[PDB]
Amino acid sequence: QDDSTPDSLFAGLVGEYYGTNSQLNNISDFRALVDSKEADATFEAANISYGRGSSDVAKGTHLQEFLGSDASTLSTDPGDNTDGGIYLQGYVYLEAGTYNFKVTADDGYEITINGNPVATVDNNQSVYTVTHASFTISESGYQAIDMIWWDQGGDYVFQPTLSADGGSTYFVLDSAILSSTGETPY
């Protein structure tokens, strides 16, 4: 806790959605959007496997469809924009050891753990899956995590999977291991 507002405890990350009518070309553009205003909607990101869909995430009900099982936690239904994206933050339970992400996305994204980038695509792209380099966790427990992802338009998908076993199996980040505050969710 770091202010005077109690924070919701749930098995997920704290999600924020931002839309814009400017072009998002890269991570910097999306982070600047996040900095520029209050979120257009908030949600609980408890099953981080979104899309795929078409015809712009920021239009109509496409965000709801993209978020799927998480859309019932939306604070509002945003109005139309051309471009948009999400900012997720909270905690993930990981034992000490080596891990790596494998992420399918359109457009780009950045994932950080304990403040260090561990999976980055700093550009727009049609759907593509990257196997990212491995990283280490020094101490078992809840690790800080954040993610950004955006859609510049067109198709959209975001599925960042994680392997604990050297790339032999991967899992989606979901309510089994996510925490919004770092306390244990029940």
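One-based numbering along the sequence shown.
Just going by the entry, 10-18 versus 164-172 on mean CA temperature factor gives the higher value to 164-172. Taking the PDB entry as given, 33-41 carries the higher mean Cα B factor of the two stretches 33-41 and 142-150. Taking only the listed residues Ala58, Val157, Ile137, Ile48, the entry reports the highest CA temperature factor at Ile137. Highest CA B-factor among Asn114, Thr73, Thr104, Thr82, as stated in the entry: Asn114. Among all modelled residues in its chain, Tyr91 ranks in the middle third by Cα B-factor. In the deposited entry, the Cα temperature factor of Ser69 places it in the highest third of its chain's modelled residues. When the modelled residues of the chain are ordered by their C-alpha B factor, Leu63 lands in the lowest third. When the CA B factors of the chain's modelled residues are split into thirds, the value for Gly108 lands in the lowest one.
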